[PDB]
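Inspection log for the structure reproduced underneath, given as structure tokens.
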Amino acid sequence: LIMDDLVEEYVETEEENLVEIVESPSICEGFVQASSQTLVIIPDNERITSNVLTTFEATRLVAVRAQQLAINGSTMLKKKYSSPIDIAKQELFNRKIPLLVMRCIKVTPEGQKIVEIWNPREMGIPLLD
Amino acid sequence: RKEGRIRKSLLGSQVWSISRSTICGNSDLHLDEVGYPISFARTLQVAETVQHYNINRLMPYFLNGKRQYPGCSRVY
Amino acid sequence: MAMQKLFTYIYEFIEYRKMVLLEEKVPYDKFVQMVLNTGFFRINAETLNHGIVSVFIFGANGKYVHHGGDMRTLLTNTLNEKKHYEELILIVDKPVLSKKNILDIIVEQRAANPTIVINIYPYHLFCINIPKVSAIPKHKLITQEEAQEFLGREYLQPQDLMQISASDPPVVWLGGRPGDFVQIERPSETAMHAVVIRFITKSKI
Amino acid sequence: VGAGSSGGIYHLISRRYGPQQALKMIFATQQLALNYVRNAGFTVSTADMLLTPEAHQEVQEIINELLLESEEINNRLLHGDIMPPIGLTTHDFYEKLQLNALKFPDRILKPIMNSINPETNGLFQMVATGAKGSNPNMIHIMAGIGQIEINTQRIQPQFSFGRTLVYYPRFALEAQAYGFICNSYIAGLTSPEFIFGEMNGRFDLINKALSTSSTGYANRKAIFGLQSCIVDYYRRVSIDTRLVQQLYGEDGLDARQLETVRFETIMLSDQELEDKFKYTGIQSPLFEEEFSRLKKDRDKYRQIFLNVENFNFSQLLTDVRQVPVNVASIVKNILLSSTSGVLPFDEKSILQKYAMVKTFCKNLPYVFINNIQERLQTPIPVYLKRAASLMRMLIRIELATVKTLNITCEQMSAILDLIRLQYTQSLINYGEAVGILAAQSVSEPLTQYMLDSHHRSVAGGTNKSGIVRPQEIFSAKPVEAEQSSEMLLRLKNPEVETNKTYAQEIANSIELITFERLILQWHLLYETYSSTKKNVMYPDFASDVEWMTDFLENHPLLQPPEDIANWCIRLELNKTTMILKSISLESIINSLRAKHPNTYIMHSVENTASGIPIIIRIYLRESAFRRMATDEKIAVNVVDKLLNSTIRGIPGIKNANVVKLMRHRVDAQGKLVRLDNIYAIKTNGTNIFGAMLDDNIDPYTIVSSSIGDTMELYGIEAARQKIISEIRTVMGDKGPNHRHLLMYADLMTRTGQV
Amino acid sequence: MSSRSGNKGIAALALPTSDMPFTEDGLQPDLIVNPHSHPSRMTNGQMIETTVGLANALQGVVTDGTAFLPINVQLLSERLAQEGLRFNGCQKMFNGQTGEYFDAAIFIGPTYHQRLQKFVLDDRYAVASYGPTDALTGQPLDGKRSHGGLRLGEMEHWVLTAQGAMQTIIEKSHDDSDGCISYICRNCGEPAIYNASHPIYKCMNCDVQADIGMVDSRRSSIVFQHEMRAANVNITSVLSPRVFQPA
Amino acid sequence: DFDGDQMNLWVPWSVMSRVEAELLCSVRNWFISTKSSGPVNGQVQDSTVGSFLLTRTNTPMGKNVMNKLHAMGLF
Amino acid sequence: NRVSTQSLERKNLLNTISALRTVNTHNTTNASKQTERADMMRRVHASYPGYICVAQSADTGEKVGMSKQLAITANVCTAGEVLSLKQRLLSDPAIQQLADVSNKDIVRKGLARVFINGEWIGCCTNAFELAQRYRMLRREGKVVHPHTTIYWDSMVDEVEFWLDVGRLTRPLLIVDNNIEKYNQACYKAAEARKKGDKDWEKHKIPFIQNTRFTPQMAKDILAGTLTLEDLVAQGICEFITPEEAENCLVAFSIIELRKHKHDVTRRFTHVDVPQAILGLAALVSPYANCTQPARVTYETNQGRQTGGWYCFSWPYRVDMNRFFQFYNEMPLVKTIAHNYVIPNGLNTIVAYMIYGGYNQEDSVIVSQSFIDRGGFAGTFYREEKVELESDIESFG
Amino acid sequence: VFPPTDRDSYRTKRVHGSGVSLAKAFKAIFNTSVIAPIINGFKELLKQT
Amino acid sequence: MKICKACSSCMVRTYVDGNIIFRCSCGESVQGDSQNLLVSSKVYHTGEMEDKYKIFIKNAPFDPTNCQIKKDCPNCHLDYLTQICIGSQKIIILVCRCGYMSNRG
Ligand SMILES: [Mg+2]
Ligand SMILES: [Zn+2]
Ligand SMILES: [Zn+2]
Ligand SMILES: [Zn+2]
């Protein structure tokens with residue numbers, strides 16, 4: 001009985017050189033749950049990130065708005081359009097998009113999330129064309 | 001290994017709604033345009049939701065169905 | 001030969017460290033003869049803090065680089081002298097580093113005296129004016145408060161920065177202790193020179 | 001109009017009107033060209049590649065001249081006239097001479113162009129216009145294939161001992177036996193020419209298949225090492241939260257938004273800079289300060305990029321840089337569209353235009369932060385003030401007062417607002433996976449490295465074949481694992497550095513000469529020495545006492561010790577090697593006794609007549625055989641440690657050649673001239689520490705190809721710069737942008753170790 | 001299609017006999033080969049075969065063009081000339097679409113061409129949004145033969161990541177692949193049981209203090225974590241903490 | 001090239017993917033090479049020589065000129 | 001498993017014949033590791049010419065150079081009558097057996113070790129003369145079989161006789177000369193010079209080397225009266241193995257032999273026919289010496305994939321993925337390969353022109369009329385075979 | 001004094017087709033699937049009788 | 001090489017103490033005087049061009065595949081000689097079937 005089509009064999013050859021008494025409490029250790037964070041919004045005069053939307057952020061805004069226009073139907077465009085993509089794009093260009101860009105720069109160990117909330121209607125818009 | 005769970009199923013995937021074919025030259029297409037055979041265009045579909053702003057536009061697609069192109073065969 | 005280069009660039013190093021020599025500079029012949037017979041040459045310098053720095057230049061085939069008992073004796077006799085002892089510098093040949101016994105000696109003596117700093121360096125770290133090398137960009141230590149304000153603007157912990165070893169030649173010539181910040185003016189082929197700040201870690205060996 | 005042509009018309013259209021207009025103009029011009037050939041017509045014919053009988057009679061004459069030179073080399077070999085250079089064997093030199101003899105001269109194009117009507121020749125037009133093909137393809141098709149080179153050497157005799165093929169005799173000296181193809185493709189190769197061509201043809205097919213697989217392993221390793229590098233909201237590059245780069249490219253710019261412009265003030269002398277850039281229309285201190293700031297920018301550019309020249313092998317200074325904005329074009333466009341002509345002299349406007357340009361340069365780093373902090377004039381970080389230093393230079397050069405005289409104040413504000421807009425559009429985006437971009441942009445040129453590997457040598461000391469060098473950089477192999485280590489030593493003093501004769505002798509002095517190459521035979525004997533009272537010696541070497549007695553009285557200072565062991569090594573010297581490299585008998589003995597103090601030395605006298613061997617007998621002491629193994633195992637080990645003893649030179653330096661450099665230097669008048677009369681030593685093998693010890697070699701400008709030795713000797717920062725240089729040398733001229741090399745180096749060196 | 005000199009070519013045009021270019025004598029091609037295929041590939045054998053075939057068709061002969069047989073391109077061109085054609089094989093050719101003669105004489109002649117057995121109809125494949133799926137990983141089966149699949153491997157993901165894509169990666173890797181939805185207790189970090197139709201909301205780790213969160217995932221990832229857990233290494237997902245703006 | 005190469009093609013259907021595809025991943029963004037900072041595309045083969053033939057001064061017939069009808073036909 | 005297998009893909013009869021003429025090294029367990037070895041075993045070796053097709057190889061991937069093809073005239077020998085040759089060698093007075101000479105005699109008398117099929121039996125005083133005499137005997141062909149391999153290793157002075165199976169051999173036309181008469185004339189001229197004769201050049205005859213093949217035997221071969229068996233019997237040609245090939249100096253063509261007909265410095269033992277160095281599929285390419293060799297390899301790959309009459313018994317077969325092309329044509333410029341395999345393809349009028357830019361990057365513009373008329377048209381066949389699992393299943 | 005054997009020279013290589021390869025495979029298979037059946041059958045026969 | 005006169009076995013060297021005394025496994029000793037003191041030796045660029053190619057040179061005039069040149073043989077006055085190239089030194093040797101050897105080799 002020639003079987004053939006063997007499952008081979010697999011070999012790993014390397015080493016991972018990853019460079020007060022105590023007992024078992026259940027509350028001092030463990031706690032897989034992470035502490036709830038508090039949102040610190042950096043004041044509008046202390047924001048040091050770009051006031052021009054990146055192509056990534058502008059694309060994300062347009063995509064989110066287009067999806068929400070696919071589920072909803074409300075908009076502020078005087079010129080009506082037949083596609084949610086067009087409506088969202090013109091909403092971004094006309095500076096009437098109902099979305100905010102939150103840029104997170106910190107995770108403080110005290111459970112503090114420091115963010116900069118940027119208004120796309122006041123921001124510069126990249127090429128996108 | 002390459003055929004393992006991580007490299008084959010996690011770091012990559014088999015996907016739906018994808019087509020493969022031989023490429024060929026068409027000097028009458030723009031650099032940002034691709035020639036898609038109608039057999040593949042009727043196979044792959046684009047999901048357009050029905051709203052007030054597009055219901056007029058999507059009606060010719062809905063009325064054609066499988067019978068004529070452009071058409072559609074699926075409604076959620 | 002190597003020892004002449006040490007004999008010039010160790011006083012280059014002392015002058016760069018803003019230290020004043022505590023002894024009259026002996027000539028080269030007496031230097032080499034003393035390193036041959038005694039096995040070491042002790043150079044004393046004082047910083048603006050008025051701490052004491054001692055530099056030891058061991059011979060290539062001396063006693064203190066083969067047997068650890070004499071090394072212990074030298075360290076013990078030195079550290080209970082009436083000196084401030086900001087830092088002690090030991091210069092040995094490169095293969096002397098790879099011999100584990102003297103490393104054990106220096107580790108245990110570092111443990112014995114925690115307030116002072118003892119470091120061992122190979123010869124090549126003092127056989128050239130290290131800051132003046134073309135390949136080495138300009139390094140300088142920044143004070144704690146200016147580094148802290150830079151971190152506060154950047155919202156960074158000191159451990160988030162790029163790391164530099166305290167045994168790095170430019171850092172050694174700067175005398176940067178672990179946990180301090182060194183600013184580097186690297187020449188750049190993209191932006192025509194840039195500035196980074198690195199974090200000094202524990203010195204290798 | 002070609003694809004990939006930097007500075008071409010489509011690249012310029014993209015810069016001014018966006019990449020979408022560039023694509024449209026590519027298609028519009030493509031249809032314009034194709035429709036023209038729809039009436040003009042284009043073709044290639046068998047007669048397009050056919051030489052005239054007169055030209056074919058001249059192609060043969062050229063080839064016979066090559067084969068005549070090859071036979072002239074052979075006739076030297078027959079009479080023993082081939083004297084190889086020091087360091088090369090005769091066979092290595094003979095092969096090197098032959099490969100130079102069978103090189104097609106530039107005149108081989110004369111018969112081809114005599115037989116070609118360039119206005120109508122389809123094959124020539126495709127090659128000459130860059131549509132497809134190159135000059136070798138035209139020469140191969142029409143003139144002759146020439147020498148077939150496999151790994152920069154001729155066809156090796158693999159058929160048998162001394163035979164390359166069954167069609168050629170053993171030890172054949174004709175160039176045809178070793179791959180020299182005389183026919184052209186259109187003439188038709190013969191049976192052995194086709195076999196040699198198939199050896200080259202298959203060897204190219206093998207390299208392709210290796211290239212796909214070899215780069216696949218490197219690409220995946222490079223991706224995973226670098227993928228976690230992501231640009232954060234400060235435009236730094238950080239793994240999670242640990243910094244890898246203070247700013248993405250050290251300028252924070254996307255590689256797709258870079259333009260190559262020329263900095264005009266780099267090469268100008270002090271007087272010529274004053275002529276072109278000093279403004280004298282207004283007698284104000286605002287313009288003497290402006291010129292000094294313009295000269296200060298030039299001095300900083302020179303100092304930095306002369307330094308880059310100093311720690312690299314052949315990285316010349318250039319006045320062309322990649323900048324986000326081409327300020328010259330913006331000025332050119334505004335001046336073209338300006339309704340006004342040569343503006344009337346208005347002192348207020350000229351001073352005010354200077355004020356807004358000076359203010360624009362002062363506020364330039366704020367494009368990295370935002371307009372809000374720019375309005376509040378908050379402090380700028382030091383690294384952000386450096387990122388704009390290069391762009392500030394170009395603005396102060398292009399917008400100099402002597403250049404914007406005809407630009408009105410209103411247009412000046414429009415120009416400045418245009419620069420800020422184009423600078424903001426060029427900044428890298430937050431959240432871009434720039435580590436993956438570097439991995440993709442460095443991996444692709446490695447594929448061509450394998451195809452080009454057939455053009456690189458394989459022999460040791462220069463093992464740059466295939467992936468050997470790229471693995472050494474990327475896998476951080478130590479100094480001992482380097483198979484292509486090199487150093488570049490600059491002779492101390494600049495005036496003596498210009499002399500070739502002084503260069504060649506210092507190269508020999510620093511080369512490592514050990515005992516083994518000074519000896520042609522040595523013998524280990526089981527005998528001791530108790531002066532001339534006991535004797536007992538080996539029979540053949542018993543005659544040595546005729547000079548040992550001479551040594552005993554000529555050197556009474558060091559008599560045989562009281563602990564001579566019953567062992568001895570007798571060594572003879574190759575006087576010709578001593579004559580060749582100028583090691584005297586005095587230097588050998590002095591260095592041995594200083595290095596070996598458990599051995600005792602006897603030697604003959606070197607001034608003897610020709611043919612008389614110089615004899616060195618070493619005698620072991622009891623300390624050797626007292627300080628597991630038998631005595632003869634120790635004695636055999638004594639032979640090796642004596643044979644490998646360093647007599648002269650820096651350890652680890654195998655060879656030391658003399659190479660001419662190209663270095664820029666500043667004159668007394670301030671001009672930056674490129675010199676070709678500078679000589680320096682390029683050595684096989686690396687020892688930075690030894691070269692620093694050497695006083696005839698400048699210690700500050702030492703350059704090594706070893707990342708490991710650079711790291712140990714210089715530090716993490718020179719190691720980081722070494723990684724960029726080492727990849728760049730591997731990458732080639734077509735290699736990627738410089739910011740992709742920074743991404744590799746900053747990742748590897750982010751922890752303080754490579 | 002391919003020539004005997006080794007010049008592969010994918011046919012992309014079907015011109016009618018009126019749109020084909022033709023010579024003064026009415027001869028028109030079957031294939032139109034780009035002249036740029038020659039100079040870099042150096043397939044001179046095809047051109048020489050074209051010349052000899054041009055001479056052969058008029059003489060009604062079939063010549064032996066075996067390799068290494070003596071060949072003189074000059075004499076074959078002179079044979080062409082003696083046959084009534086030009087020294088080169090070129091002819092006065094007219095554009096079939098517009099009737100305008102080309103300025104240059106076009107090299108047209110018989111070349112032996114081979115149809116390689118790589119049919120586009122076999123190679124082309126298109127799949128819809130649904131079909132056979134792998135029982136284990138929940139992904140589409142592999143390839144055309146299984147009536148579903150086609151793979152976006154590691155390199156496609158790397159390229160999309162380099163483009164900063166996402167969303168497209170989300171769509172292709174989750175919506176058009178084994179995209180499932182996973183539940184984690186957020187209190188123990190272990191997978192939990194949630195169902196809205198049947199009102200079950202529980203985890204077996206800490207039951208009464210369960211805080212099931214909804215985590216987007218892939219069935220391949222869940223299978224991978226189950227395989228790891230079966231290997232007796234426990235996997236706990238911390239889950240992102242909730243953020244609350246100050247009152 | 002067109003020697004038998006096969007390339008995958010999938011049409012986005014999700015609105016988020018479709019918005020993304022045209023705004024971010026359009027080929028106009030890859031005209032300039034990220035690797036080399038230069039353009040990727042241009043004229044190749046049939047047009048590189050076609051641009052030379054169109055723009056050269058003298059044809060073998062004479063000066064490289066065309067009448068109005070054939071100048072119009074180029075467009 | 002040392003059985004080199006391959007599924008019979010009937011793309012065309014050329015593919016089948018090439019498959020049955022394929023030599024595979026077939027990497028076993030402990031295969032090629034990352035070294036120079038994976039490159040060298042794929043390179044064209046200097047011993048390949050005449051036995052292994054220098055051109056034929058896979059042009060893609062791992063199989064490049066892995067699979068080799070027999071040349072057009074190469075043949076694989078079977079095991080010969082080893083016993084008869086061994087007995088003749090033992091009965092030879094010039095060979096001293098092992099039992100008669102010791103190792104001290106071997107080195108002190110300079111005896112040359114004689115081997116047959118690797119079995120060291122006997123020793124000889126003159127290895128060269130022994131090998132030449134037995135080569136002459138093989139040329140006579142009555143006592144020594146023509147397929148025996150007589151190899152003389154002049155580096156160690158050993159004469160090896162090989163008769164085992166698996167020896168690739170090809171017939172090579174023997175070249176004879178007058179070196180004996182030339183040497184006699186040279187010695188006579190030397191005697192005249194020594195005696196001081198003024199016209200010593202009348203005593204030097206020219207060197208003449210030539211094969212015995214004559215155009216009349218070419219006509220006889222084409223007429224069918226003369227075969228290779230007769231050519232070997234008549235001493236015109238002989239079979240040469242890669243072992244013996246190192247003892248042969250071969251003129252690559254009759255042109256090279258004719259050029260050096262009076263060159264005493266080039267004394268060829270055999271004369272080659274240049275078409276012998278190529279395989280069957282490589283010879284399909286016309287004027288392949290003018291083409292770049294890599295393109296010839298590409299043709300070897302593409303010739304075996306070409307559509308055509310894949311099997312003359314196709315209507316009786318139920319095969320999968322088999323394409324039968326209706327119309328086939330002999331090339332106008334045919335090669336020798338088409339004497340043995342039917343041609344696959346058509347003589348297509350092709351124009352090398354720029355036409356609308358639809359043929360860039362090795363694309364082809366095809367006349368739709370040529371397609372409609374039957375150009376490269378045919379039938380593609382697929383099978384659907386299903387089987388009943390047990391009595392529980394049936395067709396209906 | 002002598003170089004190693006050329007791993008790719010065809011003088012030291014043989015080509016084995018059909019007859020030889022099938023001979024080796026057949027001897028192994030005949031052993032396993034003929035001798036061992038007979039061997040075990042005879043062992044059991046001696047057990048029974 | 002020392003072989004036991006009784007056991008015909010290889011004897012160790014055993015340098016004890018001031019002399020060389022060979023010893024067999026059978027316990028016999030034979031000692032050694034003068035010419036036994038050569039423990040080890042190495043001669044550079046020797047053992048090449050004499051012993052490696054002697055047979056090849058001897059057989060070269062009889063090898064059909066060896067390259068030949070037009071040069072008079074001093075001994076037998078044959079118009080052709082056999083040309084031989086050996087070594088990385090590329091030493092050219094002309095040999096003839098009459099035994100003439102060019103005194104080189
Ligand atoms: Mg392709
Ligand atoms: Zn739970
Ligand atoms: Zn014994
Ligand atoms: Zn002679």
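Residues in the structure tokens are named by chain (A, B, ... in the order shown) and by number from 1 within that chain; ligands are numbered from 1 in the order shown.
If you count only C-alpha atoms and ignore residues fewer than 2 places along the chain from range 5-19 of chain H, what sits within 8 Å of it is residues 159 of chain D; 3, 4, 23, 40, 41, 45, 46, 47, 48, 76, 165, 166, 167, 168, 241, 242 and 243 of chain G; 3, 21, 22 and 23 of chain H.
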>> Would you pick out the contacts of residue 31 in chain A at 10 Å or less, using only C-alpha atoms, so that residues sharing its chain but fewer than 3 positions from it are not included, and give the list as a ChimeraX atom specification?
In response: /A:26-28,34-35 /E:186-189,238
Write out as a short mmCIF file (atom, residue, chain, number, x, y, z; two decimals) with C-alpha atoms, in the first residue's frame the residues lying within 10 Å of range 205-219 of chain G, counting only C-alpha atoms and excluding same-chain residues fewer than 6 positions away.
```cif
data_model
loop_
_atom_site.label_atom_id
_atom_site.label_comp_id
_atom_site.auth_asym_id
_atom_site.auth_seq_id
_atom_site.Cartn_x
_atom_site.Cartn_y
_atom_site.Cartn_z
CA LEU G 173 31.58 10.91 -38.30
CA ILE G 174 35.18 9.81 -37.82
CA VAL G 175 37.93 12.00 -39.28
CA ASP G 176 41.07 10.26 -40.51
CA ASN G 177 44.33 11.90 -41.53
CA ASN G 178 47.84 11.14 -42.80
CA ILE G 179 49.76 11.94 -39.63
CA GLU G 180 51.82 8.77 -40.06
CA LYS G 181 52.84 9.70 -43.60
CA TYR G 182 53.23 13.32 -42.50
CA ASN G 183 55.62 12.27 -39.73
CA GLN G 184 57.55 10.03 -42.13
CA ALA G 185 57.92 12.92 -44.57
CA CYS G 186 59.02 15.20 -41.72
CA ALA G 189 63.11 16.15 -44.51
CA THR G 225 20.02 1.87 -49.34
CA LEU G 226 22.50 3.07 -46.68
CA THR G 227 21.65 3.12 -42.97
CA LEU G 231 27.88 3.58 -41.73
CA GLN G 234 31.93 0.61 -42.81
CA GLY G 235 33.91 2.64 -40.27
CA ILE G 236 32.58 5.98 -41.52
CA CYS G 237 31.09 6.99 -38.16
CA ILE G 254 32.14 20.07 -42.25
CA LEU G 257 36.89 20.49 -41.08
CA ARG G 258 37.37 21.73 -44.64
CA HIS G 260 41.53 23.03 -41.36
CA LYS G 261 42.00 20.31 -43.98
CA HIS G 262 45.76 21.00 -44.05
CA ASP G 263 46.18 22.41 -40.52
CA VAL G 264 48.37 20.00 -38.56
CA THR G 265 47.60 22.00 -35.41
CA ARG G 266 43.88 21.07 -35.57
CA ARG G 267 43.61 17.29 -35.91
CA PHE G 268 39.96 16.44 -35.33
CA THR G 269 39.07 12.92 -34.28
CA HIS G 270 35.44 13.43 -35.34
CA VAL G 271 33.35 15.94 -37.28
#
```
Quick one: DSSP alpha helix (DSSP H) residues in chain H, as a PDB file with C-alpha atoms, in the first residue's frame?
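This went into out.pdb:
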```
ATOM      1  CA  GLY H  19      13.006  -0.652 -17.566  1.00  0.00           C
ATOM      2  CA  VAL H  20      15.401   0.250 -14.754  1.00  0.00           C
ATOM      3  CA  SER H  21      13.039   2.455 -12.747  1.00  0.00           C
ATOM      4  CA  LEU H  22      10.223  -0.068 -13.026  1.00  0.00           C
ATOM      5  CA  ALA H  23      12.684  -2.828 -12.129  1.00  0.00           C
ATOM      6  CA  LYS H  24      13.588  -1.110  -8.859  1.00  0.00           C
ATOM      7  CA  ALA H  25       9.998  -0.179  -8.016  1.00  0.00           C
ATOM      8  CA  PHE H  26       8.886  -3.712  -8.870  1.00  0.00           C
ATOM      9  CA  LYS H  27      11.497  -5.388  -6.706  1.00  0.00           C
ATOM     10  CA  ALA H  28      10.489  -3.265  -3.711  1.00  0.00           C
ATOM     11  CA  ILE H  29       6.764  -3.755  -4.354  1.00  0.00           C
ATOM     12  CA  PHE H  30       7.079  -7.474  -5.110  1.00  0.00           C
ATOM     13  CA  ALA H  36       5.437 -10.779   3.255  1.00  0.00           C
ATOM     14  CA  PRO H  37       1.920 -12.108   2.494  1.00  0.00           C
ATOM     15  CA  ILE H  38       3.432 -15.554   1.835  1.00  0.00           C
ATOM     16  CA  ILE H  39       5.655 -15.227   4.903  1.00  0.00           C
ATOM     17  CA  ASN H  40       2.760 -14.426   7.239  1.00  0.00           C
ATOM     18  CA  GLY H  41       0.558 -17.076   5.650  1.00  0.00           C
ATOM     19  CA  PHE H  42       3.189 -19.732   6.284  1.00  0.00           C
ATOM     20  CA  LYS H  43       3.706 -18.517   9.852  1.00  0.00           C
ATOM     21  CA  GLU H  44      -0.033 -18.802  10.508  1.00  0.00           C
ATOM     22  CA  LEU H  45      -0.073 -22.200   8.788  1.00  0.00           C
ATOM     23  CA  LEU H  46       2.613 -23.451  11.165  1.00  0.00           C
ATOM     24  CA  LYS H  47       0.543 -22.002  14.010  1.00  0.00           C
ATOM     25  CA  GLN H  48      -2.543 -23.942  12.893  1.00  0.00           C
TER      26      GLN H  48
END
```
>> Quick check, in Å to one decimal: how far apart do CA of residue 492 in chain D and CA of residue 168 in chain C lie?
In response: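 Between CA of residue 492 in chain D and CA of residue 168 in chain C the gap works out to 26.3 Å.
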Kindly provide the residues of chain E that approach ligand 2 to within 10 Å, each paired with its closest atom pair and their distance in Å to one decimal, based on only C-alpha atoms and all ligand atoms, listed by chain and increasing number, as CSV.
```
residue,atom,partner,partner_atom_place_in_ligand_line,distance
E:184,CA,ligand 2,1 (Zn),7.7
E:185,CA,ligand 2,1 (Zn),4.5
E:186,CA,ligand 2,1 (Zn),6.8
E:187,CA,ligand 2,1 (Zn),5.1
E:188,CA,ligand 2,1 (Zn),4.4
E:189,CA,ligand 2,1 (Zn),6.7
E:190,CA,ligand 2,1 (Zn),6.4
E:191,CA,ligand 2,1 (Zn),8.0
E:192,CA,ligand 2,1 (Zn),6.9
E:193,CA,ligand 2,1 (Zn),9.7
E:202,CA,ligand 2,1 (Zn),7.7
E:203,CA,ligand 2,1 (Zn),5.0
E:204,CA,ligand 2,1 (Zn),6.5
E:205,CA,ligand 2,1 (Zn),4.7
E:206,CA,ligand 2,1 (Zn),4.3
E:207,CA,ligand 2,1 (Zn),5.9
E:208,CA,ligand 2,1 (Zn),8.1
E:209,CA,ligand 2,1 (Zn),6.5
E:210,CA,ligand 2,1 (Zn),4.6
E:211,CA,ligand 2,1 (Zn),6.8
E:212,CA,ligand 2,1 (Zn),7.5
```
> Counting only C-alpha atoms and all ligand atoms, which protein, DNA or RNA residues come within 12 Å of ligand 3, given as an MDAnalysis selection string?
Replying inline: chainID I and resid 2:12 22:30
>> Which residues are near ligand 4 - at most 8 Å, using only C-alpha atoms and all ligand atoms? Format: as a VMD selection string.
In response: chain I and resid 73 to 78 81 95 to 100
Can I get the selection written as a PDB file, in the first residue's frame, with C-alpha atoms?
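Resulting contents of part07.pdb:
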```pdb
ATOM      1  CA  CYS I  73      61.101  19.960 -32.187  1.00  0.00           C
ATOM      2  CA  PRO I  74      64.842  20.127 -31.401  1.00  0.00           C
ATOM      3  CA  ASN I  75      65.169  16.343 -31.128  1.00  0.00           C
ATOM      4  CA  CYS I  76      63.107  14.697 -33.883  1.00  0.00           C
ATOM      5  CA  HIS I  77      62.517  17.853 -35.981  1.00  0.00           C
ATOM      6  CA  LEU I  78      58.758  17.338 -36.184  1.00  0.00           C
ATOM      7  CA  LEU I  81      54.698  20.392 -30.937  1.00  0.00           C
ATOM      8  CA  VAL I  95      56.297  18.291 -25.417  1.00  0.00           C
ATOM      9  CA  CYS I  96      56.731  15.861 -28.296  1.00  0.00           C
ATOM     10  CA  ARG I  97      56.023  12.180 -28.889  1.00  0.00           C
ATOM     11  CA  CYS I  98      59.801  11.646 -29.120  1.00  0.00           C
ATOM     12  CA  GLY I  99      60.204  12.474 -25.428  1.00  0.00           C
ATOM     13  CA  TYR I 100      61.388  16.062 -25.861  1.00  0.00           C
TER      14      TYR I 100
END
```
> If you count only C-alpha atoms and all ligand atoms, which residues end up within 6 Å of ligand 1, as JSON, numbers by chain?
Replying inline: {"F": [1, 2, 3, 4, 5]}
>> I'd like to know which of D:322, D:389, D:465, D:260 is closest to chain G, using only C-alpha atoms.
In response: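 Nearest to chain G: D:465.
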Against chain B, which residues of chain A fall within 7 Å? For each one I want the closest pair of atoms and the distance in Å (one decimal), counting only C-alpha atoms, rows by chain and increasing residue number, as CSV.
```
residue,atom,partner,partner_atom,distance
A:70,CA,B:49,CA,6.0
A:73,CA,B:51,CA,6.8
A:81,CA,B:53,CA,6.4
A:82,CA,B:54,CA,4.7
A:83,CA,B:54,CA,6.3
```
> Got a sec: who's within 9 Å of residue 130 in chain C, counting only C-alpha atoms, leaving out chain neighbours fewer than 3 positions off, as a PyMOL selection string?
Replying inline: (chain C and resi 9+13+125-127+133+136+169-170+173) or (chain D and resi 700+714)
